[PDB]
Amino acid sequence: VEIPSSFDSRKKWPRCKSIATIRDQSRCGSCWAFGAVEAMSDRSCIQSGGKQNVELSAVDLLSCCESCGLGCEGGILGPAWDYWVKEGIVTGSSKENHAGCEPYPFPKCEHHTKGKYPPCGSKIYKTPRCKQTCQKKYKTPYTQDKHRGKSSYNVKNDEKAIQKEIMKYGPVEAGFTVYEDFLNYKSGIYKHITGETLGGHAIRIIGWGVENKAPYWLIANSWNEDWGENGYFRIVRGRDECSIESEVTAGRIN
């Protein structure tokens, strides 16, 4: 297929409201689970023609997946997508909206940036317990609120392959190496210039563009709407910047 010079999943599939939703992982290293349930929510809606229009529970995946790593201390993408295929994930929104089966237990906080929420700080929550119970007001039993995928896969470490996957099947999850200067990001096209590694981060790629001849990926972060560009950031595209093209994972419902 011919790849357009820009693409925005929010513009292709505007009925799928999850695609334009920015979440907040709070005082928890649950980026791996947020990028997963966000892209899964998007792809569930896109690949079902808008029939499965849901917000999947970050806390269900975070608390119940035994193979996904260390919970709030960080996790692993492949096993998150396998969990969705095999066990599936219930619905659940933010602490503040408290919709769906299992809403997130942790409140919105600022991630090394200024704004209207309390600062996240340096102290981490304990990983929540796997409770397998829908909130009292939600009248579907937990097991019957599960949304499952059919397949999960890593995407080839090829710019055009990543672009074709996003354009055909929807937003993808992606890992990258976070350096200290990423914490100073306010706007524009990020590339690593200063600072030491802080480990890995997992995000959702929703599209791509070019500004002043500089190509970028358009990415949803899970640090609330005050961070970056109303919750989004852009990062150099085509040079495997911070390994952004090398840890892409996704999957399909059919």
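Heads up: residue numbers just count along the shown sequence, starting at 1.
Looking at 63 to 71 and 39 to 47 together, the entry lists the larger mean B-factor for 63 to 71, computed on C-alpha atoms.
Higher mean CA B-factor, judged across 193 to 201 and 28 to 36 from the recorded values: 193 to 201. If you compare the C-alpha temperature factors of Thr177, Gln163, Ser152, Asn97 in the entry, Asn97 comes out highest. The PDB entry assigns the greatest CA B-factor among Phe106, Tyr138, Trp84, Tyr169 to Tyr138.
Sorting the modelled residues of the chain by their CA temperature factor places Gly92 in the lowest third. When the modelled residues of the chain are ordered by C-alpha B-factor, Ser243 sits in the middle third. For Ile253, the recorded CA B-factor ranks within the middle third of the chain. Only modelled residues enter the ranking. In the PDB entry, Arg10 places in the middle third of its chain by CA B-factor. The entry lists a Cα temperature factor for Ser187 that places it in the middle third of the chain's modelled residues.
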